[PDB]
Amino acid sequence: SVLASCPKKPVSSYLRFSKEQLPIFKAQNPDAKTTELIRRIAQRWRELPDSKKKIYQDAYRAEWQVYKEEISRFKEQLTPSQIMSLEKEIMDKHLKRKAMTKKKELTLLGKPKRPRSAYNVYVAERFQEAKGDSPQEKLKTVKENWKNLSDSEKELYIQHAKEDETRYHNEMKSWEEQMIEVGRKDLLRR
């Protein structure tokens, strides 16, 4: 909101060149992957004479002066609630990024999945079957049938969830052992 309307920083010399060169590179090489294009765009930039590189840098320097003005004026007109709101959206964005990043790291390290409850096994073995014109609607049907489920049938799912608790404790022991060895005792359950 306040962060969305906040002036952004100008784009440095190379990225200006890249932004403009990517479409003309993509047009001439349609089935070439973007990584391949950027590799060559970067080459062209490094092979570009400094008389021309400078032109892109001068544009950036002049834009930096517009930005310095725009951000100063923007921050002067912000009320205390808007300043704290801006600070809160920045930190909230930063924490979601940092969370997502650590969830990706833990997945690459091969961290075991947490235990699947008796309800989770019911969702797994009874989702796609149940009526519903949407996944949200299908979960409500599964939840309604989970409540209506007899105590004899609940014991079928309680058992599967008991076997998954055993598999979590065994998998966590090996993973945690492995993590001590890889020098990552910080990841262990305290």
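Whichever C-alpha set is largest while still superposing within 1.5 Å between the two forms counts as the rigid core. So that there is no doubt, residue numbering starts at 1 and follows the sequence shown.
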**Report entry** More variable segment, 28-36 or 161-169 [Cα RMS over structures in 5 other deposited structures of this protein, core-superposed]
**Finding:** 28-36
Query - More variable segment, 149-157 or 53-61 [Cα RMS over structures in 5 other deposited structures of this protein, core-superposed] - result: 53-61
Query raised in the report: With respect to the recorded C-alpha B factors, which stretch has the higher mean value, 20-28 or 174-182?
Result: 20-28
Query raised in the report: Out of 151-159 and 54-62, which stretch has the higher average CA B-factor listed in the record?
Result: 151-159
Query - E70 - Cα temperature factor, lowest/middle/highest third of chain - result: lowest
